[PDB]
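K.L.:
Quick one: the structure is below, and I'll ask about it shortly.
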Amino acid sequence: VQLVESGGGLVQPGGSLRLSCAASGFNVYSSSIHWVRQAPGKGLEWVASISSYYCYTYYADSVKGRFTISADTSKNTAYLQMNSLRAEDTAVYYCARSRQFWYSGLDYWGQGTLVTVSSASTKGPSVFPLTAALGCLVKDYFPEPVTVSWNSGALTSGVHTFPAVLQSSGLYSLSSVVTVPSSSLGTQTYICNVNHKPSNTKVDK
Amino acid sequence: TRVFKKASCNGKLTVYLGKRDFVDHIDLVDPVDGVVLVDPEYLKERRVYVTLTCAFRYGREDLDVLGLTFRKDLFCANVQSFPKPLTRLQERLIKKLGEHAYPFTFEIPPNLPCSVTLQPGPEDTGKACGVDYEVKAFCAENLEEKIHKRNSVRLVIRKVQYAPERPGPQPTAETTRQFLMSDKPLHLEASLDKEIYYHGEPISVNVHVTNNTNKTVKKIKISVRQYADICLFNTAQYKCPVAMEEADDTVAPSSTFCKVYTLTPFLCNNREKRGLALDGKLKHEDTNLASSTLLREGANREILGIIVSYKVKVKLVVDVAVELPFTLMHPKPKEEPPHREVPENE
Amino acid sequence: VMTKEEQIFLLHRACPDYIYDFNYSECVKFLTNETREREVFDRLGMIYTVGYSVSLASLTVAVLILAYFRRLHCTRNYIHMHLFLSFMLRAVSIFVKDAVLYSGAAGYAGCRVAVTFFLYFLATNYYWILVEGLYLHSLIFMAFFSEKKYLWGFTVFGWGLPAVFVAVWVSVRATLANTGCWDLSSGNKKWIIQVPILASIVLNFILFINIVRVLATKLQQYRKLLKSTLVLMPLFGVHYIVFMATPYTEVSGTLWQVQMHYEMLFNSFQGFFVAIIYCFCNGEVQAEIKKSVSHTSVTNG
Amino acid sequence: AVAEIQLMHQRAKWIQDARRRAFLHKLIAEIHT
Amino acid sequence: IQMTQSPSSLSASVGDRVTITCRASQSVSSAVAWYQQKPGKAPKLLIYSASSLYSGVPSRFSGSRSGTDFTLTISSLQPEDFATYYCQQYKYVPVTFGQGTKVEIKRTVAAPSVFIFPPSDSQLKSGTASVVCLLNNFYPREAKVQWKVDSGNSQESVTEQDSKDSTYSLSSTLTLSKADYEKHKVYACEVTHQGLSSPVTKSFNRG
């Protein structure tokens, strides 16, 4: 039993997105498909579900009338239609199933697809420099993923990369620091290598 | 946590049941047992009578211009709880509630029909049509007293069956038809994958054709039919298709032709069919298509109520047809019997 | 009855004593009163015409409603449609035979084909009225029948047996009792058509009485019986019981007047009554038209 | 008996009777001259 | 229906007995399930019906019910048992999940090393000022940073527990405009780490 999911992406408020989860190892009529929210740093939240046997359709209060859930029995897959996406819709959506008749909880979960809604654009990161410690600041980058390495990956121990933090303008910012003895300065050179593939931007500082 | 509970007015005639669905084995039904707490100071001389009844509520979706009682009791039993070994659940309930806990128990005899509800048409009204089992407890000096529902608690129970552990041989059948030249005409071999299928599980049928005749077959018709064998005053066999598939495949005037068809019966596309047999409703809710009635090898007696069976029928419109009989049933829960908290749309 | 040819022949053989209607020639009769039965049965014509027109309109509407709404289709509604079609055909045949006979080789054929059609449609309507009651009785007391062989048998009993004895009557009349226009009565041959209708009426009344008494036994309890019996009365054609087996009487007798003025109107409006009661205001039809103790708990132990 | 067939028969008989009565009345009037 | 898990965050060690608890606003029968979710992974079903262990789950996990209150016991902890556990009630269509409870690796308390980096020259040239306060490794997650300026507009992010020497690392930043940075001359971040006997304040001057 595997629930592979597709359709995740980056959209702006008021747009529409399609989430597709292929169902394998179980029958649509013998199972009930569910979609579960998980906002960044928050708990789970049910949004919609479908029971093809009784062809029921249920939606959350914040989702009732905005999304639509449908199942393709012939293709053995479930689709969730999202409309009028708003800022708070940003969350990781998991597709889960349950036995059609004897619910017995949500047994199988598919790998969630990240759905993010914001009005910001893809802006390249800005890099600024900062036992002793040293680091650099990555700021003003909209895309979530970031790759940071020190001395081309030579320095691994004592290196901390903090989680990204949102900014009032919708951009992200994270800081990377490394702890090194203060007696190594003057002969040892430290270089921060940060790669941002979403914008294809590489900066060395 | 475990046991259900219901009450009725000042009498404190609270009846306790450990389970609502009582599984039936083809020669032994699960005993009904429970506890009916009462207040002797209120009952006084009145005796606490509890009754189990199986009732067939017949056509009263027809005959609405005669709205009265269109029922016959198939079985009844009565036990005077307040003037049999006590089960573990009964012992626990007596220990918890205390002195005023008076137990009751019934043996359901084998070969009675399972809880089956015939589906309503448009403009559905009334409790049900079909077979349902009820436990009620009431206070009266005699069982013949006219009860006015003031101090009576009524609970609907279900008698259910689950798929046998060992499936039988895969249903295989064939039919041969000849016409005109009759040299070596069609023989219609059909074979299911297995005999036992679970609700929502696809039904797979393998069919073979040998059209060695001048006239070909235009369509291959596959459908699952529910054969509700009804019996009350007279006996009848209603055929209501639950899954139907039409294939435009044609067989050339040649020796061989092979293909496999898959079907899946479900209640969404069979709601408008009035009279379709459904699993007994515990209340005003929805339930899946009726499970096959398993029968003992003694006799398929004209047994009262509804007996349900399924066949997939494969038809060749040259017509040549053959039926494969099968069992549509739930697997044994291996857990608590009831629905297991299907979400309620409050 | 003596026709004009009878009097002409009697005169050809020769107040006189040979005239049926027995200054000189003081043989005048009370023809002035006789000249008012025309207005009498013209009033009858008007009442039955209006009643059958209303019934035909209502039955056409009911049949269209039943046929178009496929979710209503079932054996009960199939029998209802058959009964409605029977009523409509009876009314249409009455109108057609009235027009043909009263102008409002071919001589005998033109009138006799219409008369045969009218008789066949009246008989089939009377038999379908009983078929409906027979289906109610089977549902009440012989519940859960195959309903397919039953539907076929009901259709046959409603369409052929009336055709059977109508064919017998028309064959006998043509072979040995042909008398010009077929609107006359030839001896007792009319009883061939009539007796089956009376038998159907009495059987339907017996079924109605049985059902009514069973409903009463099952049961202000008398309040409930009234609605059921009133609703069933139009279905079973109970009004036919009142004047069945009554001998044909003079065309102006008080018994004849009270019989006709009531029976014709009730027969004409029976179709409208049944269409209103059993189609427009009965259960699923209204819904289709418009859409177009304590609680149980769980404890520990 | 059934009202419709009896009414039809009575109408036919009345038509015949009226026609022959009219014929007889016309003959009587002619005879009076 | 609302389901509140009493422990928002819990700390324990391998071999210890942990008992997560939850309570519902009203009776939901035994229709309660518990899920386990590793960070960056989908939730995994542990218990259904509030007492039935899902097939393949370790036998140490156990579920219990007390009226509207439901309890999850992990028994002898294991290295794989450190995750976030969510409850759920499915008696009604509006399924409600709990707030979630995190299980933390518990070890000896370690004091942080406070580091404050003044904004770089390029940062000033860009027209913005961003000074970052760093605490490095320290087990407690309750440490708080207060900024002293000659407040409110601050950001904080804490790294999860380390692999071997599990300790949280917290970083805080103060954002100000070029004019705002220039008009002020002294900056400092004060840490109220629980392990520290007294608060430690580190300051620097713009010059």
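Numbers here mean position along the shown chain, with the first residue as 1.
Header lists the method as electron microscopy, 3.1 Å.
Cβ coordinates come from backbone N, Cα and C, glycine included.
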K.L.:
According to Swiss-Prot, which candidate among C:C15, C:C74 shares a disulfide with C:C27?
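P.N.:
Within the candidate set C:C15, C:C74, Swiss-Prot assigns the bond with C:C27 to C:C15.
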K.L.:
Going by the topological domains in Swiss-Prot, would C:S186 and C:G253 end up on one side of the membrane?
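P.N.:
The record shows them together on one side of the membrane, with a shared topological domain name.
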K.L.:
What is the interatomic distance between the Cα atoms of C:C15 (disulfide bond) and C:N23 (N-linked glycosylation site), given in whole Å?
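P.N.:
Between the Cα atoms of C:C15 (disulfide bond) and C:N23 (N-linked glycosylation site), the distance comes to 11 Å.
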K.L.:
Quick check for me: are there 3+ Cβ pairs below 8 Å between the transmembrane segment (C:44-68) and the transmembrane segment (C:113-137), leaving out pairs under 6 residues apart?
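P.N.:
Contact criterion not met.
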K.L.:
So if I exclude everything within five residues of the ends of the transmembrane segment (C:226-245), which remaining residues of that chain have a CB under 8 angstroms from its CBs? That is, six or more out.
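P.N.:
Residues 126, 129-130, 132-133, 136, 198, 201-202, 204-205, 207-208, 211-212, 215, 259, 262-263, 266-267, 270, 273-274, 277-278.
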K.L.:
May I ask which of the stretches C:77-98, C:151-172, C:188-212, C:254-281 has the most CB pairs under 8 A with the transmembrane segment (C:113-137)?
P.N.:
C:77-98
K.L.:
For C:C15 (disulfide bond), name the DSSP secondary structure in the helix/strand/coil scheme.
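P.N.:
Going by the DSSP assignment, C:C15 (disulfide bond) belongs to neither helix nor strand, so it counts as coil.
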K.L.:
When only pairs 6 or more apart in sequence are counted, do the transmembrane segment (C:254-281) and the transmembrane segment (C:151-172) reach 3 or more Cβ pairs under 8 Å?
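P.N.:
They do not touch: fewer than three Cβ pairs between the two stretches lie under 8 Å.
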K.L.:
Given C:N23 (N-linked glycosylation site) and C:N33 (N-linked glycosylation site), what distance in Å do their CA atoms have, once rounded to a whole number?
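P.N.:
Answer for this pair: 23 Å between alpha carbons.
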K.L.:
About how far apart, in whole Å, are the alpha carbons (Cα) of C:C27 (disulfide bond) and C:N33 (N-linked glycosylation site)?
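P.N.:
C:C27 (disulfide bond) and C:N33 (N-linked glycosylation site) have their Cα atoms 16 Å apart.
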K.L.:
What same-chain residues lie close to the topological domain 'Extracellular' (C:173-187): Cβ under 8 Å, and 6 or more beyond its ends?
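P.N.:
The answer is 1, 101, 107-108, 111-112, 115-116.
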K.L.:
Using a 10 Å cut-off, grab the number of neighbouring Cβ atoms around the Cβ of C:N23 (N-linked glycosylation site), all chains included.
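P.N.:
Taking every protein chain into account, the count is 4.
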